[PDB]
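how would this look folded up:
(one chain, ligands or ions: 1)
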Amino acid sequence: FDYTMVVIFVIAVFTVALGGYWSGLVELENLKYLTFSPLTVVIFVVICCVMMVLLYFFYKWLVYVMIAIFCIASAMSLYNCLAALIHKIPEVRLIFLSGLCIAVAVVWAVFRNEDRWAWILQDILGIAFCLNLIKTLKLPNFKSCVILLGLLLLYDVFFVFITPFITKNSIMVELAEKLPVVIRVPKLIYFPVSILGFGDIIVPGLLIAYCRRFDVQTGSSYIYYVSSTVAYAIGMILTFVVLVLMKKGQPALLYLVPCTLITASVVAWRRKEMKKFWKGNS
Ligand SMILES: CC(C)C[C@H](NC(=O)[C@H](Cc1ccccc1)C[C@@H](O)[C@H](Cc1ccccc1)NC(=O)OC(C)(C)C)C(=O)N[C@@H](Cc1ccccc1)C(N)=O
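Numbers count the residues shown, from 1 in each chain. Next up is the structure itself:
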């Protein structure tokens, strides 16, 4: 047990409970986006696998390409999130916000080496990126949710567990000039860092976004969203316990997808609404 492990859990739940909640907020005003498809989901999974293999085998230039793309995407996402937050309280303001965001992104790009104090910048950029990507990506129905979660679960478990049995080098032991995707937090006793991927925040984030959208659509207030967030937090705690008591790295998707899927299925089945929750309205 350590204080750092608490901080990662708070970040991984605050920015998923807010990413999911915010998704339903725009849904409310619509009733007054790149929707996925099962074939599209499979294509995205295959492209993710190919991208990961290319990252591992062509690392030298792929790291710089990923840093540049992540910097631009995170600057844009931070601008969008800050503009959305400021819009509520009563353009030159947009230009100033874009300038501040690009200044933060440039500072992060030029200060990626010092791990003493670049982790704050990387955490803020990652939280903004995850929030924006959860808001903008909408799933059509629970079938896509289940297919994507299961395919990612099998893919990630394979990549982390079966790869050591063949490759002489786990692939993720090299993937975490480090990769600009993983969230880095040093030991918060005096400042050896922890790592949490963006997938743990995004994929259950997409499921919670869909749950909140369904909440808004059907009429129920907070049932599915609260249930999914509670199960996601319990999954994070269980993953942390298993990681500490196993002394090895652990694929969290393994202790996240079953919990979230089971809780969503149970909460949908208790009300006899599985068919509607699975087909997708309209
Ligand atoms: C909640 C968290 C604690 C769990 C964390 N596991 C993880 O973060 C998982 C695997 C991983 C990632 C990076 C390094 C190792 C292992 C993340 C893993 O599940 C996802 C899979 C995924 C999901 C959706 C879409 C695409 C991919 N990985 C992912 O999103 O892609 C990258 C690698 C680019 C971040 C972990 O095991 N951390 C260990 C690993 C470690 C890091 C540093 C030193 C020693 C050991 C730790 N003790 O900090």
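
give the contact list for residue 160.
170-172, 249, 251 (CB atoms under 8 Å, 6 or more residues apart in numbering). Every C-beta, even on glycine, is put in place using the N, C-alpha and C of the backbone.

recalculate using a threshold of 10 Å.
Shown in contact with residue 160 (CB atoms under 10 Å, 6 or more residues apart in numbering): 170-173, 248-254.

secondary structure and distance to the ligand added to those, as CSV?
Shown next, in CSV, are those (DSSP: H, G, I helix; E, B strand; the rest coil; distance: CB to the nearest ligand atom, whole Å):
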residue, secondary structure, distance to the ligand
170, coil, 7
171, coil, 8
172, helix, 4
173, helix, 7
248, coil, 8
249, coil, 4
250, coil, 5
251, coil, 5
252, coil, 5
253, helix, 4
254, helix, 8
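
can you name the residue of the stretch 101-250 of the chain nearest the ligand?
The nearest approach of the stretch 101-250 of the chain to the ligand comes at residue 199, 2.1 Å away (CB to the nearest ligand atom).

just checking, what packs against whichever strand or helix holds that residue?
When secondary structure is defined by DSSP states H and E, residue 199 falls within helix 198-218. Packing partners of helix 198-218 (3 or more CB pairs under 10 Å, 6 or more residues apart in numbering; DSSP states H and E): helix 3-31, helix 118-136, helix 142-157, strand 183-186, helix 223-246, helix 253-269, helix 274-279.

any buried residues in the fifth one, and which?
Looking back up the chat, that one is helix 223-246. For helix 223-246, the buried set under the neighbour-count rule, 16 or more other CB atoms under 10 Å, comprises 223-229, 231-233, 235-236, 238-240, 243.

quick one, that helix and helix 253-269 angle?
150 degrees (axes from the mean of the first three to the mean of the last three CA atoms, to 10 degrees).

got the CA positions of helix 223-246 in PDB?
The C-alpha trace of helix 223-246 is given here as PDB (Å, rounded to 0.1, in the frame of the first residue of the first chain):
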ATOM      1  CA  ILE A 223     -29.000   4.300 -12.300                       C
ATOM      2  CA  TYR A 224     -26.800   3.000 -15.100                       C
ATOM      3  CA  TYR A 225     -24.200   5.700 -14.700                       C
ATOM      4  CA  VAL A 226     -23.800   5.300 -10.900                       C
ATOM      5  CA  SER A 227     -23.700   1.500 -11.300                       C
ATOM      6  CA  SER A 228     -21.000   1.600 -14.000                       C
ATOM      7  CA  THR A 229     -18.900   4.100 -12.100                       C
ATOM      8  CA  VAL A 230     -19.100   2.000  -8.800                       C
ATOM      9  CA  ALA A 231     -18.200  -1.100 -10.700                       C
ATOM     10  CA  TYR A 232     -15.300   0.600 -12.400                       C
ATOM     11  CA  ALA A 233     -13.900   1.900  -9.100                       C
ATOM     12  CA  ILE A 234     -14.200  -1.600  -7.600                       C
ATOM     13  CA  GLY A 235     -12.400  -3.000 -10.600                       C
ATOM     14  CA  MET A 236      -9.600  -0.500 -10.200                       C
ATOM     15  CA  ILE A 237      -9.200  -1.400  -6.500                       C
ATOM     16  CA  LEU A 238      -9.200  -5.100  -7.300                       C
ATOM     17  CA  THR A 239      -6.500  -4.500 -10.000                       C
ATOM     18  CA  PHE A 240      -4.400  -2.600  -7.600                       C
ATOM     19  CA  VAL A 241      -4.700  -5.300  -4.900                       C
ATOM     20  CA  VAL A 242      -3.800  -8.100  -7.400                       C
ATOM     21  CA  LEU A 243      -0.800  -6.100  -8.700                       C
ATOM     22  CA  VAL A 244       0.500  -5.500  -5.200                       C
ATOM     23  CA  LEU A 245      -0.100  -9.100  -4.100                       C
ATOM     24  CA  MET A 246       1.300 -10.600  -7.300                       C
END
